[PDB]
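Numbers for residues simply follow the sequence, beginning at 1.
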Amino acid sequence: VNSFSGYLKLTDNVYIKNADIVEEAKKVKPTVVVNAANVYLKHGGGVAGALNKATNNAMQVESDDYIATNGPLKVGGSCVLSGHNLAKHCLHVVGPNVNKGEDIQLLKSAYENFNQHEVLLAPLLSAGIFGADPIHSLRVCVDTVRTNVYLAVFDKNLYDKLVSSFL
Ligand SMILES: O=C(O)c1cccc2c1OCO2
């Protein structure tokens, strides 16, 4: 049993809810929240800007030190950093950004990072301002992630379309 409430069950391991991932993280304090990161960990907008704002920019300060030491992530890659006030840990995952021309096949590699964690609160990778089709992102998630993933979908309209169209 875990703390997640109000989710619709899609599969054995994937759950979905219409929710602001920031408000959800603040309520649940999950072990792992996933950030929709870029390779520079520049948390300007979308999910990353919202998560970082909720940490009062502490996420960005920590991220800048990580990049100064390690250099940029790979598209499809990840790193584990602090969850600050939102979670124990933040798994920063880089899905391909279609609005930069990145290979959508890298979305499966991105979701494979989730399998290193037993339970996660996450957004749909490469959705929103990363430009991918969220229906596709949900299918890759279901077909890739084997650990227990609680997906937060901010837009109610999109949430209802994802549920209604789910195979
Ligand atoms: O997927 C998004 O575009 C998004 C952007 C910001 C915050 C969020 C989101 O979904 C969960 O909560």
To the closest 0.5 Å, what do you measure between [atom1] ([X]) and [atom2] ([Y])?
X	Y	atom1	atom2	value
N52	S63	CG	OG	7.0 Å
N115	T147	CG	OG1	4.5 Å
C141	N13	SG	CG	8.0 Å
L125	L106	CG	CG	12.0 Å
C90	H43	SG	NE2	7.0 Å
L41	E62	CG	CD	9.0 Å

Could I get the full list of side chain to side chain donor-acceptor pair (under 3.5 Å) partners for [X], not counting sequence neighbours?
X	value
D65	none
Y7	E24
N148	none
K161	none

Under 3.5 Å, is there a donor-acceptor pair between the side chain of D20 and the main chain of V22? yes
Under the 3.5 angstrom rule, does the side chain of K17 hit a backbone N or O of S5 as a donor-acceptor pair? yes
Evaluate the side chain to side chain contact (heavy atoms under 4.5 Å, CB included) criterion for residues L121 and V34: first the C-alpha distance (whole Å), next the side-chain angles of each, then the deciding distance (0.1 Å), finally the verdict. CA-CA 6 Å; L121 171 62; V34 174; over 6 Å; no
In one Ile/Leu/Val/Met/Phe/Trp/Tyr side-chain cluster, 4.5 Å: [X], [Y]:
X	Y	result
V47	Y40	no
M59	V39	no
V14	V32	yes
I129	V94	no
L86	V61	no

Please list all pairs meeting side chain to side chain donor-acceptor pair (under 3.5 Å) that have one or both residues in residues 90-99, counting only residues at least two apart or in different chains. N35-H92
Looking only at heavy atoms, what is the nearest atom pair of [X] and [Y], with distance?
X	Y	value
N85	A54	ND2-O, 3.0 Å
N18	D155	ND2-C, 3.6 Å
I21	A122	CD1-C, 3.7 Å
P134	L162	O-CD2, 3.6 Å
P123	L151	O-CD2, 3.9 Å
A19	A152	O-CB, 3.8 Å

Are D12 and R146 close enough that some pair of their side-chain heavy atoms sits under 4.5 Å apart? no
Measure the shortest side-chain to side-chain distance between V33 and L91 over non-hydrogen atoms and say whether it is less than 4.5 angstrom. no
Return each pair, listed once, that meets ring-ring contact (aromatic ring centres under 6.0 Å, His included) where at least one residue sits in residues 94-121; pairs must be two or more places apart or across chains. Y111-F114
Expected list for residues 70-82: side-chain donor-acceptor pairs under 3.5 angstrom, two or more places apart:
residue: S78; atom: OG; partner: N113; partner atom: OD1; Å: 2.9
residue: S82; atom: OG; partner: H84; partner atom: N; Å: 2.9

Does a side chain donor of either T31 or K88 reach within less than 3.5 Å of an acceptor in the other side chain? no
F166 and side-chain contact (heavy atoms from CB on, under 4.5 Å): which partner among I16, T11, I135? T11
Residue set satisfying side-chain contact (heavy atoms from CB on, under 4.5 Å) with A132, at least two apart, ordered chain then number -> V98, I104, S126
Using the test side-chain contact (heavy atoms from CB on, under 4.5 Å), find all partners of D64 that sit at least two apart in sequence or belong to another chain. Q60
Contacts of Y15 meeting ring pair (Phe, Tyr, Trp, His ring centres under 6.0 Å) (sequence neighbours excluded), chain-then-number -> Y150
Contacts of type ring pair (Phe, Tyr, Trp, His ring centres under 6.0 Å), residue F130, not counting sequence neighbours: none
Salt bridge (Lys or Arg N to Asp or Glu O under 4.0 Å) partners of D103, counting only residues at least two apart: none
Check this for me: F154, atom CZ, are more than 12 non-hydrogen atoms of other residues, nucleotides or ligands nearer than 6.0 Å? no
Side chain to side chain contact (heavy atoms under 4.5 Å, CB included) for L10 and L138? Distances and angles first, verdict last. CA-CA 10 Å; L10 294 175; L138 179 55; 3.8 Å; yes
